[PDB]
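First comes the structure, then the notes that go with it.
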Amino acid sequence: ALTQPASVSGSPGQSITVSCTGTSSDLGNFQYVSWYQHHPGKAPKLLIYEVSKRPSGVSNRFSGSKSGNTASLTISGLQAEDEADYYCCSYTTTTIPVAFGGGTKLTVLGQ
Amino acid sequence: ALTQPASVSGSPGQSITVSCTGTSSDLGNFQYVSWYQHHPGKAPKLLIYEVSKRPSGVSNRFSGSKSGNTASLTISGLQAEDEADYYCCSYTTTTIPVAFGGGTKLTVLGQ
Amino acid sequence: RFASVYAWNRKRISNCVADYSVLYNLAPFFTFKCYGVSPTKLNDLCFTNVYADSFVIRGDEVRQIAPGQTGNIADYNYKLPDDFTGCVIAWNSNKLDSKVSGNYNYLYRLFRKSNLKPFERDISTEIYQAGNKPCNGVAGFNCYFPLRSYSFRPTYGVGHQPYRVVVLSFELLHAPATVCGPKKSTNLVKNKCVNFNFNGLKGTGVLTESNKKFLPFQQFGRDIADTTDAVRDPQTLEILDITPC
Amino acid sequence: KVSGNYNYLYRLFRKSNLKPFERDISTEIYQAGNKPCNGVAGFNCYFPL
Amino acid sequence: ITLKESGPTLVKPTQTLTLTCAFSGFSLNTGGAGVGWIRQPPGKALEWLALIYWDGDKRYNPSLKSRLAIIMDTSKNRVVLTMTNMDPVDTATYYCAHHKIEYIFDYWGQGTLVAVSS
Amino acid sequence: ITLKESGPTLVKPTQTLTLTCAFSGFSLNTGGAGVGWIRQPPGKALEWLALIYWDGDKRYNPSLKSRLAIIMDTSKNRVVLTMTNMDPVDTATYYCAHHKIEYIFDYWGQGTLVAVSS
Amino acid sequence: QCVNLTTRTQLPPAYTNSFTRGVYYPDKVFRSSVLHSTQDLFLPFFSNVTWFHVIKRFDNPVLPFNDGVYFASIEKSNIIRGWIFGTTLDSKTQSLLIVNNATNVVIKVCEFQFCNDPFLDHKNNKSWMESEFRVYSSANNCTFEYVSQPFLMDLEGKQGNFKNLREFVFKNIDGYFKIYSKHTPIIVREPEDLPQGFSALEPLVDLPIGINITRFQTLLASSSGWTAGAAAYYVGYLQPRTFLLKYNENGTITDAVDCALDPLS
Ligand SMILES: *[C@@H]1O[C@H](CO)[C@@H](O)[C@H](O)[C@H]1NC(C)=O
Ligand SMILES: *[C@@H]1O[C@H](CO)[C@@H](O)[C@H](O)[C@H]1NC(C)=O
Ligand SMILES: *[C@@H]1O[C@H](CO)[C@@H](O)[C@H](O)[C@H]1NC(C)=O
Ligand SMILES: *[C@@H]1O[C@H](CO)[C@@H](O)[C@H](O)[C@H]1NC(C)=O
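Protein chains in written order, with the working numbering: chain A, 46 to 156; chain B, 46 to 156; chain C, 6 to 250; chain D, 1280 to 1328; chain E, 274 to 391; chain F, 274 to 391; chain G, 2 to 266.
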């Protein structure tokens, strides 16, 4: 299954790199991952569709790249409302075909 | 492909005729098919090139002709050492570009 | 829904104009080179009629279905003739003909009873024995089912993508001619010595506007010399006089 | 050659027609009309011999 | 495009969940597109129940076929999804998405937060 | 015209065959002629192995590309065939011959026979 | 559906001296005030057209097709429905079948095995019926489909005040079959014989066939039995001859004279 660190933190504002990884045998891979964030009590919406394109009508301050079994995003423009729950998803060919990350717990650094 | 009878026999002196045939789909318009002779313990030699053209050094008793899909050769005036391993070699476009007979072993009834 | 290689449907397109230019903005295709003729003369060559054939191919072995090449799905399926009057077009259609578990609606015939003549609509299937074993409704030893559904998986990726392929068969000037490609239109230049061509009206002369009007059944105009002197304009409805030098 | 003779080359297209007795020795990548395409082959770009 | 998910909140553990996910505006004359049913347990790895295309074929998760049943509407209203004999391990929130073969997830709904009543 | 064929008598099962054949006297100012190698074992008919033109082009039998190599001297002395990873079914006699396209094998050498030591 | 009554009594025909009708446009080329002498397969001036009068009568005979004929039917209830074509009558060769059963007029070129006599007309007393349109029974390998809009229809039962005349001229060049249709209204007269008049006829359609047609039959609109009205249709031949045409300033044929009638011509 997918794995990721839970406590994610870094430089405030810009220059933060977040990553997802796992096992190439347990996770069958070769499907382009998508990655989503959830808000506590609000309406959630996906931040990155497939690996690397940016759709219209949303924020264009995000970037991503996936190599082999490891996917990553570079996130820029962190405001005071940057708290979220980052869940990455792919296709796990062994069992439970659609897995969703490993869970994240992020703090705020606007202050 | 290309096929011929495995063995043939007859009275000494005359009355022998050996033929080859093949599938017309594999056979590329049926040009440049040649007739050779192999001896046990001796090098094989060319006898007939392209159906009915006589090279130098051969006798007039050897003759060859082709009708429809089947080619053949005749020899008149057989001798005690005229037993042979007459092969037909041809061009086959779909498979391996050259095809080499099916095996012949002429025997006599003089003893 | 797109036709497969086993149930290939001879699509009949007639009584229209056939411009193959709207497909270029879709995606970079798997291939573009037509096999019978060059792709740089697809428009000017006018044919009598067109036959379309649609194919979903498992994997990436559309090279072996060629006018000159055979294969497992080219001798026991649709078989391209070696004298094929037409050409091919194949493109990566991963957006429609794929499933997360498998495209089980489709099928492939790995082998048949015998080699088949090209342009034969082979759709009948049967249980196949092993050489000389009697096989009548039984399965297991020496009676194995020779068909299997297409399996599309995300772990497959490259080497199992569809690459939807359509072949087009033409006929070289023997039937009535209904469908081919059009040409371009050059705008009229008045009072200039132009070498005009109004759908085959070859000649050189200057062009003026004529006050007289034609009837709707009229298209040309003659004189004492029995030649074109004032005609209705092709793509616009007014009458133009060919003033000579 | 028994498996095919590839030592003789011929040309399939040009930018336009050619005057009699002329030799087009120059070989380059050919594009189709308006698409910006140079350097390598690909869509509407392949070697003309 | 709007997707609205409606269903009960105060649900007994022996009570079957009947959830309707409704969409407004889609080109149904296509293949390989469907709706996906997505779980969010808190603090753990999430799991998936059912993705259903317009062909009507069933793609169920392995060893979980007794907890899931799928009902059409065939009038562009919604999709009815029923969970039978639910366990109290999934006191969680539920979502539905447009899932196809090239785009992973397209657009989501509001989602429903449900817990066990025991 | 003389054709001389040289090769080992017995070879190891893991060894590579290095056959040589020399030709004396030909019209080398030609097109399409060349030097060909053919083999046959007892009990089974003839089958062709390889042919080389005078332009350095090498034509082997299909599905045998990797285990067949040709040393061409460019001095009109001898042609060497080196074949690796031999099989005990290939224990056979080998003939080196001249190859035009009408005369499929015009003049034939004496050839050499080889067998495996296993 | 097709009704095989397998019996009919035939009435002797008449002969009508057609005077001036039978002219049509050569092509879509306009000429201004130029007298042209054109040689083409025309209808002769002052010629006997054979008058088949059908009343208790069901006559749809084989018509003498010699690559272009003339069919002038004085009709009011849209009796002419389609045209049986082909030569072999057993679905072995290509044939054309036009039906204008509704606003979706369909022309099918395929193999057709026609029945003995598929009358469109029968049942519902005097009101004509759209049934029995499926004339053929079997097909080998169908070739061509075509969809066209209709002409002016007729309001079911319509007998008396025969103002309309439908002229169908059949021709074919290089296998391309040409249908020449002319509907003449407001002819306020009893049907009987043809009156005196002239009109310019335009080419409408030209459809490929590929098969030279020898015979063709008429499709007309209890299982059998009908007290029909004064059905009248005139059949005529076409022969190659020369005309002299008077183009006006508007391209309308004001006058046309055949040269080979009398020494004044
Ligand atoms: C073609 O030309 C006619 C006459 O100018 C015009 O009415 C019509 O709209 C044109 N059609 C197109 C597709 O340009
Ligand atoms: C037309 O028929 C009538 C009666 O049979 C005959 O008297 C007349 O001569 C015919 N005219 C022509 C031109 O055939
Ligand atoms: C029609 O065309 C064929 C083509 O050969 C010809 O033999 C025949 O005589 C023509 N006429 C008829 C009435 O069949
Ligand atoms: C030609 O048409 C014009 C305009 O409709 C009309 O005034 C004129 O009388 C016609 N000329 C004739 C009778 O040929």
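Ideal placement from N, C-alpha and C gives every residue a C-beta, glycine not left out.
Quick one: does residue 73/A have its CB under 8 Å from some CB of chain J? Absent from the structure is chain J; the protein chains it does hold are A, B, C, D, E, F and G.
Beta-carbon contacts of residue 286/E that lie in its chain and below 8 Å, excluding the five residues immediately before and after: 359, 360, 361, 389, 390, 391
Give the straight-line distance between the Cα atoms of residue 65/B and residue 146/B, rounded to the nearest whole angstrom. 8 Å
Let me have the residue list for ligand 1: C-beta closer than 7 Å to any non-hydrogen atom, ordered along the chain. 240/C, 241/C, 242/C
Counting only C-beta atoms, is residue 50/C closer than 8 Å to chain E at any point? no
Could you tell me if residue 1289/D is buried or exposed, where buried requires 16 or more neighbouring beta carbons within 10 angstroms of its beta carbon? exposed
Flag this pair as yes or no: are the beta carbons of residue 89/C and residue 185/C separated by less than 8 Å? no
Contact list for the segment 31–64 of chain G against chain C, Cβ threshold 8 Å: 31, 32, 33, 35
For residue 152/C, tell me which candidate among 14/C, 235/C, 78/C, 58/C has the shortest Cα-Cα distance. 78/C
Sub-8 Å separation of residue 221/G and residue 81/G beta-carbons: yes
Got a sec? Which residues, its chain only, sit under 6 Å from residue 295/F by beta carbon, not counting five neighbours each side? Closer than 6 Å at Cβ, skipping near neighbours: 277, 351.
Is any heavy atom in ligand 2 found nearer than 7 Å to the beta carbon of residue 235/G? no
Identity of the residue in 73/C, 95/C, 35/C nearest residue 140/B by Cα: 73/C
Distance cutoff 8 Å, beta carbons only. Does residue 35/C sit that close to anything in chain D? By the rule that beta-carbons nearer than 8 Å mark a contact, residue 35/C does not touch chain D.
With 7 Å as the C-beta to C-beta threshold (strictly closer), list the residues of the segment 84–106 of chain B near chain F in chain order. Of all residues in the segment 84–106 of chain B, 88, 89, 90, 91, 94, 95 have a Cβ within less than 7 Å of some Cβ in chain F.
Between residue 45/C and chain D, is there a C-beta pair that is closer than 8 Å? yes
Please list the terminal residues of the continuous alpha helix (DSSP H) segment that includes residue 78/C. 77–80
Alpha carbon to alpha carbon, what distance is there between residue 176/C and residue 40/C? Taken atom to atom, the span from the alpha-carbon of residue 40/C to that of residue 176/C is near 15 Å.
For residue 55/G and residue 224/G, the rounded distance between their alpha carbons: 19 Å
Three-state secondary structure (DSSP) of residue 104/B: coil
Boundaries (first-last residue) of the beta strand (DSSP E) holding residue 372/F: Here the beta strand (DSSP E) through residue 372/F covers 366–372.
Tell me whether residue 216/C counts as near ligand 4, meaning its Cβ is closer than 7 Å to at least one heavy atom of that ligand. no
Taking DSSP as the reference, what is the three-state secondary structure of residue 291/F? Residue 291/F: strand per DSSP, three-state reduction.
Nonlocal neighbours in the same chain, by C-beta distance under 8 Å from residue 100/A, ignoring five residues either side: 94
Using only alpha-carbon positions, find the residue among 28/C, 60/C, 42/C, 56/C that is nearest to residue 1291/D. 42/C
Give every residue of the same chain whose Cβ lies closer than 7 Å to the Cβ of residue 211/G, excluding the five residues on either side of it in the sequence, and list them in chain order. 95, 176
For residue 179/C, count the other beta carbons within 10 Å of its own beta carbon; 16 or more makes it buried, fewer makes it exposed. Which is it? Burial call: exposed.
What are the complete beta strand (DSSP E) segments, minimum 3 residues, inside the segment 164–200 of chain C? Within the segment 164–200 of chain C, the complete beta strand (DSSP E) segments at least 3 residues long are 169–175, listed from N- to C-terminus.
So with CB distances below 8 Å, who are the chain F contacts of residue 1282/D? 332
Given 8 Å, three or more beta-carbon pairs between the segment 69–86 of chain A and the segment 114–127 of chain A: yes
Residue 361/E touches chain A at which residues, Cβ-Cβ below 8 Å? Residues of chain A passing the Cβ test: none, with the nearest at roughly 19 Å.
Which of the three DSSP states is assigned to residue 58/G in this structure? Coil.
Closer than 9 Å between beta carbons: that is the criterion. Which residues of the segment 362–375 of chain E meet it against chain C? The residues in question are 372, 373, 374, 375.
Run through chain D and tell me which residues come within less than 8 Å of residue 324/F, C-beta to C-beta. 1281
Opposing strand residues paired with residue 244/C [DSSP bridges]: Bridge partners of residue 244/C: 237/C.
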